[PDB]
Every structure is written in C-alpha cells, then in structure tokens.
Amino acid sequence: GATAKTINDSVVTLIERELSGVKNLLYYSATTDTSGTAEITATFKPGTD
Amino acid sequence: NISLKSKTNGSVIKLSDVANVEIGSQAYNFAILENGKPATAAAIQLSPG
Numbered sequence: 014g015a016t017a018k019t020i021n022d023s024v025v026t027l028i029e030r031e032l033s034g035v036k037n038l039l040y041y042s043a044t045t046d047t048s049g050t051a052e053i054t055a056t057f058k059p060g061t062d
Numbered sequence: 022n023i024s025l026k027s028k029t030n031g032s033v034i035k036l037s038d039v040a041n042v043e044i045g046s047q048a049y050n051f052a053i054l055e056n057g058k059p060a061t062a063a064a065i066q067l068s069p070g
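Chain order of the listed sequences is A and B.
Sequential numbering of the first sequence, starting at 14, is according to the working numbering.
Sequential numbering of the second sequence, starting at 22, is according to the working numbering.
If you want it as structure tokens, here you go:
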C-alpha cells in the first residue's frame, strides 16, 4: 500500500546497509517500483558457493 | 495546537496548556568530550575476517 519512495527510504536503505559486510561479493543493487515490493540483489564472484 | 477535551468542564484546551513542545534529542544517554570540548563521535567495529 505504499509508493516507491516510502519503501526505498524505510526498507531498501536499511537492508542495503547490511550487505556491505558479506564476503566474495562482486556488486549489489536494489529496485522498488509502484507495486508494494522491493527486490535487492547481491552478485558474488564466479565460483562462489 | 493539538486540542484535548477537558473532562472537568468539557472545555477545549491545547497541547501547550498541559505540556511543553520542543525539538530535542532521541536519547540523552551518551556524550563525547574531544580534547576536553564537547563533540560527537562514532566507533567503527570490523566485520568477521
């Protein structure tokens, strides 16, 4: 029931704050649209389990 | 200007009547003295490994 900005400010930033401490990470990204859901992706170096 | 309803007489009162409204701090449990002069600071702790 919320717009993209609310989820980005309340949820996306908070979650993405904790993905900087993961190992073997290559990059991370986050996306939120006018659908009530937010998707964060963490991509690691090839060959990681 | 938030309005409450007095039970004693039914008169309308404002929030300032029974309270003081101010822009303060979330908590007052920590302080930082740098070289003997007030300041602010944060501590950084490493991730495992």
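Even for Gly, the Cβ is constructed at its ideal location relative to N, Cα and C.
Considering only the beta carbon of each residue, do residue i and residue j sit closer than 7 Å?
i	j	result
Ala-15/A	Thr-45/A	no
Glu-29/A	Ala-51/A	no
Looking only at C-alpha atoms, which of the options sits nearest to residue i?
i	options	result
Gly-60/A	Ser-33/A, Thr-50/A, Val-24/A, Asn-37/A	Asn-37/A
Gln-66/B	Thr-54/A, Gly-34/A, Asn-21/A, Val-24/A	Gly-34/A
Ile-23/B	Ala-60/B, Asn-41/B, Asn-30/B	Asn-41/B
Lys-35/B	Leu-25/B, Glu-43/B, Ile-44/B, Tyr-49/B	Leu-25/B
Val-39/B	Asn-50/B, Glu-55/B, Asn-56/B, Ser-27/B	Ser-27/B
From the DSSP secondary-structure annotation, give me the bridge partner or partners of residue i.
i	result
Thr-54/A	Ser-42/A
Just confirm the distance between the C-beta atoms of residue i and residue j, as a whole number of angstroms; I'd bet it's less than 8 Å.
i	j	result
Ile-53/B	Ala-62/B	4 Å
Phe-57/A	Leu-39/A	6 Å
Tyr-41/A	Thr-54/A	7 Å
*Can you list, in chain order, the stretches of the beta strand (DSSP E) that have 3 or more residues and sit fully within the region 22-52 of chain A?*
38-45
_Runs of 4 residues minimum, wholly inside the region 23-69 of chain B: which ones carry the alpha helix (DSSP H) assignment?_
36-39
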